[PDB]
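A single chain comes next, written as structure tokens; it is the form deposited in one PDB entry.
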């Protein structure tokens, strides 16, 4: 099936816990995959305008590890619950993708999660101003804008609202799209 196929593909790129013990400042992100109308989508947030770090920007749910977290996946799930109400019974963590190094002292670990078909986002307004879905296939033929620097623009056909997706968030989306959709019969 579509979902079994996605997981089998994703597992071949799982790096494991290899890098997770290194002595960095540590953050995790969840890349939430949602099936809708016969196709896979990614779920994104727009961060609240009142946050210190990157207010108003499009990003995946995530944040800083704390001492309660058993491992890096736990950080990602704790943060996804706090930001959009996603509960643990509603997500299957499938793998851990290549982590991102930044500012010489920080390591960000992305986890791909399959989301339950009855989940509905309850955005917490102190952290998240908006929640939206993008079809995974958009990332193979995006609408690119040059700020010189590559920015994606996505317009939701439901309401005509345009979103800008960039940086690490945009890089990870393209990666997940390549992994799951490359080389497929129609």
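Numbering follows the first chain given and starts at 1.
Omitted here: the form deposited with a small molecule bound. The next part is about that form.
Proximity of residue 115 to the small molecule in the bound PDB entry: non-hydrogen atoms within 4.5 Å are present. At a distance threshold of 4.5 angstroms between non-hydrogen atoms, residue 155 is out of contact with the small molecule in the bound PDB entry. Residue contact check for residue 40: none of its heavy atoms lie within 4.5 Å of the small molecule in the bound PDB entry.
Contact check for residue 136: no non-hydrogen atom falls within 4.5 Å of the small molecule in the bound PDB entry.
None of 68, 147, 120, 143 but one reaches within 4.5 angstroms of the small molecule in the bound PDB entry through a heavy atom, and that residue is 120.
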